[PDB]
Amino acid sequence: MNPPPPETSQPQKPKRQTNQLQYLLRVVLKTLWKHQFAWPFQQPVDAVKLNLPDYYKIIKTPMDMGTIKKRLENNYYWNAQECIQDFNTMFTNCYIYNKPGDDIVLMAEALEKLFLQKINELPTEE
C-alpha cells in the first residue's frame, strides 16, 4: 500500500524565495530533470507497481524530484538547506533500499554527481 505523496504546499510561506532557491529551481532541478537517468526519480516510488511490499517498512521519508519541483514552484521552502536535504533524502533512500552495484543505484549516483556539480555554484544566500 502506497501512502499519500509528500505535501507540496506550505501554509506558511516565506515572503520571498532566496536567490539560492531560485537557482535550485531554474538551474539545478531543470538540469537534473533532463538527465538520461532522471526518469525513475521524477515521481514517487510505487511500491505496489514495483512489488516492494517492505519499501515503507524501510524508507521512512519517501522523496522524489516531482515533489521537489512542486515544492520549489509553490514557495514551500524557506531556504536552500531544506531543499538540498530533500534531494539528499531522495538519493540516500535509493542507496538504503537497494544494493551497491544495482542499476538503480548506479543511476542515482550519476544523478547525485550532477546534483553536487550543480550546487557547487549555489549563490551566497541573499
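Residue positions are given as counts along the sequence shown, with the first one as 1.
Set 99 to 107 against 112 to 120 and average the Cα temperature factors; 99 to 107 ends up higher. Across the two stretches, 47 to 55 and 87 to 95, the PDB entry reports the greater mean Cα temperature factor for 47 to 55.
When the modelled residues of the chain are ordered by C-alpha B-factor, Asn74 sits in the highest third.
Ranked within its chain, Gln10 lands in the highest third, by CA B factor from the PDB record.
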